[PDB]
Each structure stands twice: as C-alpha cells, then as structure tokens.
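Student: Requesting a structural model of the entry that follows:
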Amino acid sequence: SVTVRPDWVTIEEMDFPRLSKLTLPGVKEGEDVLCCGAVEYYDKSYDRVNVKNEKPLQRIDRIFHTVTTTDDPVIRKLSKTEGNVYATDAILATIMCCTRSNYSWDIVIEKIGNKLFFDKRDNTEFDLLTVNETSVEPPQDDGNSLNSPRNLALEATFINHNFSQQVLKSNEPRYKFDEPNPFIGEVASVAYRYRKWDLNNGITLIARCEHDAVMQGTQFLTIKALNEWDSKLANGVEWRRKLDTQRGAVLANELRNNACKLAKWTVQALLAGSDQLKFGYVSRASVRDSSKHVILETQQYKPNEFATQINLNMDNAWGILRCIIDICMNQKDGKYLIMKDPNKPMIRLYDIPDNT
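Tutor: Numbering: from 1, shown residues only. Please see the structure below:
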C-alpha cells in the first residue's frame, strides 16, 4: 500500500500469533462526549424485498465523506480538554481486526507531546472495500478485467455508498443530534458520536463513531451492503438460487470469504453503539456488467450477537490497540507508520521522515 524506503526505521514487528493472544478485558461502552449531524429514517419497505421481489439499486446523488482524524475540527477542539489518543471508527476497526486482514494497508501515527493521532491517507485504497479478500484463492484477474481486485473494490464501495442511502426516507425530516455535521442533502446521511474510552495505563481514547440511519423499533443503524459479483467465478453459493432456501449457507460463505470486511463493519457498529447491523445483499444484474445491480434482500443483526457469530472478541480488539499505543507512547515525537506486510501475517511500526 506504500513503498518502504531506506531511511525508514523499523520500531517493532508484530506478528499475528502474538497479537491474537492480547486481551484487555473490562472495557465499557464508549461515553458520548459530543454528538452531531442528523440521520434519515430507515425505509422498512426494504425489509420486504426478496429474491422473487428484487429491487434495482439506485444511483444516489450524494457526496460521501471520509475525513481523517487530524482533519476533523471536532477532534481538534475536543483534544484541548479530552483524551490523549485520537482516531476514527474506521481507523480503529482496521487496527482491531488486523489479524483478519490479508491485503496490505497503512495507518499514519503522529505523536505530539503525550498525545497520539491515528490517521489514514485520503484517496488511497484505505477507503475502499475489499472483495473475497479472505478466500482460499482471492480474485486473480489483471487490470482491465471487471473482476480484478481493484475493480471489484471500486464496485463494492460504489454499491455500499448507494445502498446505505437508497434504503432511507430521503424526503422526510431527520433525527437531529445536538450539534450540526462538522463537515458541511448533498452529503451522505450520517450522524457522529465522538466517544471516550478509558483503556487503563493512563490511556484515554477519543474517537469519531457514526450511525447511517435511525429506525423506529428510536434505534440507530449501521448499514452496509454485501455484494455478489460472479458466484460461479467466486466458487460461492448463488444468491438467487440459495438466499431463500439456504440463507445460513449464504451467510457462512460471506463470513469466510469476506472475513476482515465484515469484522470491521461489526467493530464500527459496536464502537458507535448501533442497535442494529443492517446488511443488504446486492448482486449484479448480469455477471459481466458491474454498472447495474439489484437488491436481493436485507438482513438485520444485533452487533453483539453478530460479533459472537464471527468470533469477534473485543477484549482482543482493545488489547491489540493498547499494545500499539503503548509502543508509540515510548517513542519520541514525530510521524510513524503502521502497515500490514502483503505476504506475511504481521504488521510493522516504522519511523518515517516527517516530510513523507
């Protein structure tokens, strides 16, 4: 995801066997420090979509933000009086689920005094979803193919942006938090909870979490879209043939072949305190066209129950994060980089030039 240079210094190597044994039990729910933005209500007619009653995926005319930690004006303001470690839900999810990751990724860490800022680099593949990343044989096609890893990633990301907004009541008033969105109908429906965690050892985490919508049971939702590109080429189970009759097998296949993507979504919901994880199932209209899609159905899971299904253990998630925090706190001020080795089960912490 980024080219290592000769002037980079390896601070520490963290292999997945070691990281999998970490545990930090007893971490409570995050405490809201500030809430802002406003979400639209979920459209429950989408719960009645099924394979025999498919719904075309619409193109939604909205801008989809991904603002990193140090560019967030709420985080900058809150940091004057709150916490000593700062990040976003998506950045934390990447770290917390690193032992499930296969494809390379990176996160920038800046230490300033006794404070840590975890950032992501914009317009990279950090903000793109992966497709069949954890299959025995991940997608192998080359550049131009619509089934290459990168084109599959662009497709799934586009699907997810459109789906999250389509299933909402767009011409109705929103559920408003106390403060306005710090970044701006022209924008994706989203509401933010800036939340605080006591991680012990003098560590207090402040991080931006989010909900995609609200729903009348008021329940807050994390909304994501699972996607099917070509089930035969993926060696999967065909959703149009199996969703109604073997729903458990369809999901089990998603758990194993998209393991990191689904775990990070679940962490996002757990951190924000979403009451429901809502999963759309979106498939191509035809297998050689990545421009047209249909919603085959929606499913709903309590995040804590889904975490159990996927063996997501938040004691380990927090343990991994505090391990990396503790190492960074022992370093001098400056810019650092953590990145997953493309070919090995490990992440490395580098000292990188502050101009990089």
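Student: Show me the helices in this structure, by range?
Tutor: Under the criterion DSSP state H, helices of the chain are mapped to 16-20, 73-78, 89-96, 149-166, 231-234, 239-242, 247-257, 259-272, 303-309, 314-329.
Student: which parts of the fifth one are buried?
Tutor: When neighbours are counted by 16 or more other Cβ atoms under 10 Å, the buried residues of helix 231-234 are found to be 231, 234. Placement of C-beta: from N, CA and C, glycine included.
Student: swap in the last one?
Tutor: If you call a residue buried by 16+ other Cβ under 10 Å, then helix 314-329 has these buried ones: 314, 316-325, 327-329.
Student: May I have stretch 54-61 as PDB, with CA atoms only?
Tutor: In PDB, the C-alpha atoms belonging to stretch 54-61 read as follows (Å, rounded to 0.1, in the frame of the first residue of the first chain):
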ATOM      1  CA  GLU A  54     -35.900  -7.800  -6.300                       C
ATOM      2  CA  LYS A  55     -35.300  -4.000  -6.200                       C
ATOM      3  CA  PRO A  56     -32.900  -2.300  -8.600                       C
ATOM      4  CA  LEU A  57     -30.000  -0.500  -7.000                       C
ATOM      5  CA  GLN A  58     -30.300   3.300  -7.500                       C
ATOM      6  CA  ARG A  59     -27.500   5.800  -8.100                       C
ATOM      7  CA  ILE A  60     -27.700   8.300  -5.200                       C
ATOM      8  CA  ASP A  61     -26.600  11.900  -5.900                       C
END
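Student: Tell me which other helices or strands the longest strand along the chain touches.
Tutor: Identified as the longest strand of the chain according to DSSP state E is strand 289-301. Here strand 289-301 touches strand 55-56, helix 149-166, strand 276-286, going by 3 or more Cβ pairs under 8 Å, 6 or more residues apart in numbering; DSSP states H and E.
Student: can I get the helices of the chain in a markdown table with distance to residue 280?
Tutor: Shown next, in a markdown table, are the helices of the chain (distance: least, Cβ to Cβ, whole Å):
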| stretch | distance to residue 280 |
| --- | --- |
| helix 16-20 | 31 |
| helix 73-78 | 29 |
| helix 89-96 | 19 |
| helix 149-166 | 5 |
| helix 231-234 | 17 |
| helix 239-242 | 11 |
| helix 247-257 | 12 |
| helix 259-272 | 12 |
| helix 303-309 | 15 |
| helix 314-329 | 25 |
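Student: To residue 194, which of the ones you listed lies closest?
Tutor: With Cβ to Cβ as the measure, helix 73-78 is the member of the helices of the chain nearest residue 194 (5.6 Å).
Student: got the contact list for the closest one?
Tutor: The contact list for helix 73-78 (Cβ atoms under 8 Å, 6 or more residues apart in numbering) reads 33, 34, 36, 69, 70, 86, 182, 192, 194, 206, 208.
Student: Kindly report the same for stretch 24-38.
Tutor: 74, 78, 82, 174-182, 189-200, 206-207, 209-210, 271-273, 314-315, 318-319, 321-322.
Student: how about a cut-off of 7 Å?
Tutor: Applying Cβ atoms under 7 Å, 6 or more residues apart in numbering, the contact partners of stretch 24-38 are 74, 78, 82, 174-182, 190-197, 199, 206, 209, 271, 273, 314-315, 318-319, 322.
Student: First residue to last residue on it, what's the distance there?
Tutor: This stretch, stretch 24-38, spans 33 Å end to end (Cα to Cα, to the nearest Å).
Student: mind checking how far it is from the chain centre?
Tutor: Offset of stretch 24-38 from its chain centre (Cα atoms, centre = their mean, to the nearest Å): 17 Å.
Student: Same list (the contacts of helix 73-78) but as a markdown table, adding neighbour count.
Tutor: Converted to a markdown table, the contacts of helix 73-78 look like this (neighbours: other Cβ atoms under 10 Å):
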| residue | neighbour count |
| --- | --- |
| 33 | 16 |
| 34 | 20 |
| 36 | 19 |
| 69 | 25 |
| 70 | 15 |
| 86 | 26 |
| 182 | 18 |
| 192 | 24 |
| 194 | 27 |
| 206 | 24 |
| 208 | 27 |
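Student: Would you confirm that residue 278 contacts residue 298?
Tutor: Yes: using Cβ atoms under 7 Å, residue 278 is in contact with residue 298, at 6.2 Å.
Student: Alpha carbons only: can I get stretch 291-308 in CSV?
Tutor: Output of stretch 291-308 as CSV, limited to C-alpha atoms (Å, rounded to 0.1, in the frame of the first residue of the first chain):
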residue,chain,number,x,y,z
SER,A,291,-22.8,-1.0,-13.7
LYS,A,292,-26.2,-2.4,-12.8
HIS,A,293,-27.2,-4.1,-9.6
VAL,A,294,-30.3,-5.4,-7.7
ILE,A,295,-31.0,-5.6,-4.0
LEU,A,296,-32.0,-9.2,-3.3
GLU,A,297,-32.8,-8.8,0.4
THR,A,298,-31.9,-7.2,3.7
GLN,A,299,-30.9,-8.8,6.9
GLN,A,300,-30.6,-7.4,10.5
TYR,A,301,-28.3,-8.4,13.3
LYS,A,302,-27.6,-7.1,16.8
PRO,A,303,-23.9,-6.2,16.7
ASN,A,304,-23.0,-8.1,19.9
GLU,A,305,-24.7,-11.2,18.6
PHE,A,306,-23.1,-10.9,15.2
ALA,A,307,-19.7,-10.4,16.9
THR,A,308,-20.3,-13.8,18.6
